[PDB]
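Read through the structure below, which is laid out as structure tokens, and then see the notes.
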Amino acid sequence: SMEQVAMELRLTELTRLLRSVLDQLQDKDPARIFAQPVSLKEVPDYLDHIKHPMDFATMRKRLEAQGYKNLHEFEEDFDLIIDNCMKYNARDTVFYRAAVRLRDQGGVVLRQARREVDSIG
């Protein structure tokens, strides 16, 4: 149908917007602490601690599969990265501190993407 196509075009554009948002969020992690999933070979007990792991590579796979339907779903995944890290790691670690900084610096990027998605529909 012509409607299914117009939907596919919106999803494609949402996907293009979220790709740019992702690139901006990931620049706020220059040390690449959150670039890849926590290694289960190096932290074998990780899944006894964290039930829904997340990282930027995994969000990117989902993104390119156009698996985000809206910004809310995308934000949930970003928030997992941060919140998992702040539970697993203690306050006085390079990892916890890097999440705090990603959170604070990402909020500006997310604040405007929310407006651009309401605006552009």
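Backbone-built Cβ (ideal geometry, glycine too); neighbour counts: all protein chains shown. Please treat every number below as a calculation from the coordinates, not as lab data.
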Residues that are acidic (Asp, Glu) and out of contact with any helix residue (DSSP H, G or I) (no Cβ under 8 Å at 6 or more places or on another chain), drawn from region 8-63 = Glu8, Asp23, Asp27, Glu42, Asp45, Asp48
inquiry  = Residues that are crowded, with 17+ Cβ neighbours inside 10 Å and either touching a residue at least 24 places away in the same chain (Cβ under 8 Å) or at positive phi (or both): list the helices (runs of 4 or more DSSP H) wholly contained in region 4-106 that include at least 3 such residues.
reply    = 56-64, 71-88
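Counting only residues that are under 30 Å from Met7 (Cβ atoms) and not polar (S, T, N, Q), how many does region 56-105 have?
Quick first cut of region 56-105, residues under 30 Å from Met7 (Cβ atoms) only: 56-81.
Okay, now just the ones that are also not polar (S, T, N, Q), so 56-57, 59-65, 67-69, 71-81.
The total comes to 23.
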